[PDB]
Each structure stands twice: as structure tokens, then as C-alpha cells.
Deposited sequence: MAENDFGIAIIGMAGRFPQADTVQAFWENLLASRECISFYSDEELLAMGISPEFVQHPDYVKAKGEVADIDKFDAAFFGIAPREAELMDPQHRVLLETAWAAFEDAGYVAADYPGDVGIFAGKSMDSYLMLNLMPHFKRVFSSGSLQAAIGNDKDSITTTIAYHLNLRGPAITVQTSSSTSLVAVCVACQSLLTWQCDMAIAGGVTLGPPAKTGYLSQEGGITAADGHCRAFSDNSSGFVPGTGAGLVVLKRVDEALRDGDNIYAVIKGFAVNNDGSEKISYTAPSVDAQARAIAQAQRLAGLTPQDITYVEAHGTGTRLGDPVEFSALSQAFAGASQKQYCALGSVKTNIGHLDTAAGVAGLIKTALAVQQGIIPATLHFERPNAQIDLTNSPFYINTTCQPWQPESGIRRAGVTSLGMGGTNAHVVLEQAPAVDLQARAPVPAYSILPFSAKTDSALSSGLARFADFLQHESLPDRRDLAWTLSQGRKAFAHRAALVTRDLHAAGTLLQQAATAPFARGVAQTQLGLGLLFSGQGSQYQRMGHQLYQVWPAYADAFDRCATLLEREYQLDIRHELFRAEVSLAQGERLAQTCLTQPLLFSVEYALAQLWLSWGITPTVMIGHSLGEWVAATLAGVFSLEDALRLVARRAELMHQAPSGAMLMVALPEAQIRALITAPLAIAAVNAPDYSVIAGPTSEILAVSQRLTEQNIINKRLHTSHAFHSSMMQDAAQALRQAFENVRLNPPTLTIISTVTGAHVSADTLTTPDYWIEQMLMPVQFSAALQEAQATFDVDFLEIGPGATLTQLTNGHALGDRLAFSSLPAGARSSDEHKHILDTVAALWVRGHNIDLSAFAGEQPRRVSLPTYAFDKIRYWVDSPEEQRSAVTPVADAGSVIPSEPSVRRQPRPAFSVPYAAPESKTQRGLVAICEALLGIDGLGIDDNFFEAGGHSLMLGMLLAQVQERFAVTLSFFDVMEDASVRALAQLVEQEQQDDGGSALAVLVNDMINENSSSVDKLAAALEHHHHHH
């Protein structure tokens, strides 16, 4: 077993992330901010501390301690000014550490604990010129953590002891996931420290751990939290395990030392040997040790003496690296043990040991050459003779508390055996405000313009399953994560889905009809989606069993040619193949988490909207669509005509009592009848000078000449059993709603082949009684263009399938529609779109708003 480190965050000196931290440690950067004398004559400090010989002007400062996004957590901007900036920075650090874990901990299945610590609440100093809250319960309140919210308060091992207490809670099953760390923060964010002679703080301004030039430490400020989980749960959940805490030990010195402010060799050696015994390991197996590494005159050889005593059982020489983050960022007081554990878990995961700064020679009392240790001066790759990068993190408090954590490597997860990544992926990005979404999209732009960048099934699944969906949201469908970075860099000029999400307790489903049918209709969605394949197989199995005409052969495997693209044009396989395609798209969207409030049809989409309402079943609908298709194939040939005029004007200028074929919009109408009475008469529109397009049709649907087509099948309707509707259809051949007897009567479908469709009158009615978006189900963008030409106020229509000639873009168009619908606010289950066996990765976290929440000094 062991406790996996599945997520980490923190603000550090000259860093804001545990990746800017790691980029500073791989750069061997000194993150100590050296101030000028002129700077501190702005920040309320006395004019005598400046121009003093005992005063150093250095600290490791975190960046923005006054800034807080209170509106993210619901904190009013008057409770926020009465918060410790440690509370605020650890709120944002805990949200970031859970996002780095790939989780929202408010709705994690199991039980989630916070175990953190805090330095001196020196914000209370000016809050006075009387009390305050507990940090760990502010985190557990504002993030809905329902496990133990225990503040631990040892001195400078607070964060590693917090991690150890968290690991005990995980291993006694007090919680199922835990977040542990600490924070050192304070109003004098720009200050020196008066390094006194014989004092424990460095007069150099530089923490030189284990060096002969060691003057002390330099005080750093910082936050940091690690998200912890047991290793079998973290392995079965596919988490990003940085390192596995295999063993831990806390003890105290306890007056077996000279004074109270003394360190004890035997106590620290007890901690190191106890942690390595619980880790199931030996001192031979540890190849990096993050020491507490304070740089002090007196505690530097005590820690090395304890390390040598604990590692004395291994008779190998200089095999284990020894480091200290305090050379880079400074003594992080309380947060020192989580800065070291964050660095060491990063080093165990990555496999590179960063440099330990300011080292040329050992201490006088510390010999490295006969010891098992060396100190890296430059960044160093970490490949051990063992094969496993076991490590050790030591933190030591001023009152004698000694924590030691052993970090073995994460186990080998076997991902080349995984099934391949799907061809496209929605990348969903959501934020509580628009500024946070712009900055978060910038963060992933910077993240995705790196050469090291995750899987598209590992990403997108962390972006959906591991972030909470907020209102201001955006999405991208991509097949390449580099192009995703290129699109995100373009600064709100790119054509991805974007906009604030409303509730949308409803989506309308415009089941289209005969119009834009094509060659590879639904072939891409057949292979990738099992729901689409199972529904279209449900259609095709019945159709192959009953009728001689072949389905899954015309659409899929037959060649791309006019000889097949006009073999699909004839009515006997235009109707049932389009029914099967619209039915299978419908079952696909219903498997994606779509509730059709209103379903309308267009001369065939009623037949399939009917069987999503289940007024008569799928097999009976396939029979009564195929008989319907065949029985109008031997009807005499007719033509239609797109007369773009209002239907009152068309019926006021009608040549003879034929029937209108379609009433689609008040700039759009279809007239049909006998073929000669359509074309030979359509030359009077040339005298009108109004364009009259054609529908490329060899038959006259919805005209007054296919009465006999329905007269034969009038008997065929009355032997099958019909049902009342379940979902709210509105009928397009009445222009109004659907009652119980509206669909059940078989003569309604008989007159449905004769009467014009009032698609406009079923569209203004639909937007009146349902302020909804209109996802079009069908072969192309037929009904979507007419619906977006309609008078929809702040409402759009979307198409499931591309416009026919782009028949290879099905898997991109339907996923782009899913992206625009999810952005719009619909309840699309975006976890269906990710991959086969997905894993969580470390992505950029929420880009909180820097809002000044400071009182006065």
C-alpha cells in the first residue's frame, strides 16, 4: 500500500504554481527577493531598520497576498477583508490542488479531509490597529469537505506533520481522500529580518544549506497543499500519482537535548529510521533526501549527523543525493515541509533532482566524501541502480518536532496497451466569471504550447470530470492539442464555442425530412458510437429480414458515386434509410443525456418523432415507413418548386387548385402537383422575376395526387397497435400541438401525406410555448437554416450532421454541436466523449480574480 500524492498546489516565492516552482528549481533559480533601501520607505517600516548594518533586505515573498477572489467562494467583500490572507491563499491553493488532482472535492464520492497549518496570524496586528476564524474549517466550509478538518500546529514541521496526520486519517479510513499542507503569510510582504550575530537567520541574504559559508536561513513566505489518496484507490481511479508516501514518522526531541531551542541527532535519526521501517525500505534504497536544510550555524551538522546515523546501515558511499529547497525559496516556516515534499514528489515523478544552490564546499562539521550523501550544484537526472526513485523528506520544528516522509515512485501504469484515443475531443473550459475564463483559456494556451503535454483522452476527461462546470464557459473540438493551443492563443478571435450558460430545462428536436440525404450518412458515427450502431442495427436487422432492399450496404460500403448517390435519391430507399438515420441519431442524443421537450417533424420526421414518443413502436414504424415509401414510388412523377414568397401570397396567386407542399417560413414555400403543371407553368415566375429553385425530386409528395398511395396502405395501418404520446410532439400538418387522438388515429397519417406541412406555424408555436434551442436531427443543415432565419430571440438551432458534401466531417460536426450545446447550457454528459480507460492529469487550475481585499496599516 501507501498514500499516493495525486495532486499538489502552492504559491511559492517567485512562483504561483507547482509548475512555476518546478521551472524555477530546474533553472536553479534563487527565488529570494532582494529589496532596495528606497523600496521600504513606502511600506510602513521604520527609517532606522533601513540604513542599519544588522538588517538584511531579503525574503522569499509570494506574489499577491492582498488579492483574493471572494466572489468565487461567495464571501462578501467585507468578510474577505477580515480574513487572514493565509486563509484566502490557502482557499485558492486548495481549490487549485483539487483541480490538479483532477477532482472537485465538493462532489467526490468518498470522504474528504483537510489537515493544514498556519503561521502567526499577523494580519490580526493591523486588523486591530479582535479575533478570527480557523483556516482548515474555512477550507472545509467553502469547498464542501466533509471529512476531518484538523488544524495541526507544530512549528516548522507543520506542513509535513499535516501530511503525516492526513496519511494516518487515510490509513485508518477516516477519509477517502485528503488534502494536507500549510501556509506562511503576513502583511509585511516586503520586509527584511535583522539577521543578528549568532542568530539562526542568514546575514548573507542567501540560505546556504550544508555549506561552509552558512550564516542561517532567509525567511520565505508561501503556501502549499498536497492531495492525498490511498494508492490502490488512486490506481483504480486513474489518478496522476506524483509519488507514493510509503512511510512516515513524527516524533519529538523531548529534553534529550541541551535546551528547548536545540536539535537532537537521535530524535531526527529516530524519525528517519522509523519512516524507512514503515516504508518497508532500507537506507540503501533512498537515493534522494530532502533535508530540512536550514543553513543555520548549529542545526546544519545536527541534521547531517542524524542522517548519517540513520543511513549508517548502508555501506555504499555517496549514493544518495541531499538537497534543500530553502536555498531556492527560503525557510518557508510552517509551509517548509510541503515545499520540500512538493519538490521531492515532483522529483520522484519527473525523475530529475534539482540543484541545491550556494554550495562549493561542505561544512566543517559535515563531511560528504565518507558519508552516503552528496549535494548537487546543478540539476541532475535521477536514475537509480534500484530502478525505483525512493526518496525522503525531513521537516523539523523549533519545539523539537521531527517529521520524516519516505516517497517511493509511483507504480508503472501500462498505457501503451490502452485502446486508441478517439479522433476528436471536446475541451470544456468553464469559469464563474468572464475574466477567469479569459485567463484560464490563456493558461491552457501557455500549457498547450509546450512540447510536453498530455493525452487527449487523459485531458478533456480531466477538463470535464475534474473541473466543476460554471456559467461562463467555452469548449473546443480538436484532434491535435497543439492546434488547441494555437486556437486558445488568439485572444477571443477564434471560432470555438463560447458564452454564458443559462439553465436550459429543455431542448427542441427538429426531426427533418427528405432533402439533404447523401452517400456516407452516419457511417462515421456508426463505428465510434455503440448506441448509434445498435439503433441503426435495430433498424437494419428488421429491414433485411423483412424486405429485399439492403440497409448498411447502401450507406456504408457502396462506393461514392452518382450511381449510388442517385440510387439513394429514389423514394423507396430515401424514406426508410433516412428514418433509420434520424432514429439512430435520436438514440445517440438520448444516450448523450438530452431531453427532447418538443419534437416536430417535416413530412417524415413526424414518423420518427412519433416513435420517440412511442405512439407506435420501432418495428411497426419501419414497416409503415417502408410500405409508405414503396406505395408512393409507383405514383406518377411530379416536381416541386421553391417559391420564396409568403403562403398567403402563394395561395392568392395559385394557378389551379393543387396542394401546397411545404410551408416553412414567411420567405419560403414549396408548391407541388403534376410535373407539367409545375415546370411548364413556373415560367410565369420569370415574368414575376422571382427565383424558383427545385428540390431534385421525381415524385409529388404532399400534393393532391397521392391519394391512392395512402388508399392502399389504409388497410395496412389498422392491424398494428398504437399508443398515446409520452413526449410533447406538436404536429406540423396542423401547425399546433398534439392531443391523444391526434396521433393514434390512422387516418391522420393518411391526410399527413396530402396536407402541406406548417413548419413555420409549428415553429412560431414551438418558440412561443417553449423558449428552447432547436437541435435538428437529420442528414444535413436543412431545418437549421430555416429555423435560424426565423424570429428566434436570443435562441439558436443546431444540426446533428454536416451539409452533405462534408460527409467526412460527421465526427467533427456532431461534436462541435455538442460543444455549442454544452456551452449554451445544456445537460450534455461530456464524460461520454473522452475515451476508453481515461486517467486524470495535471492541468492549469482556476484563474482566480486578483481583487484587493486589504484594510489599512
Sequence order list of spans that the model leaves without C-alpha positions, deposited numbering: 1-5, 135-151, 880-1029
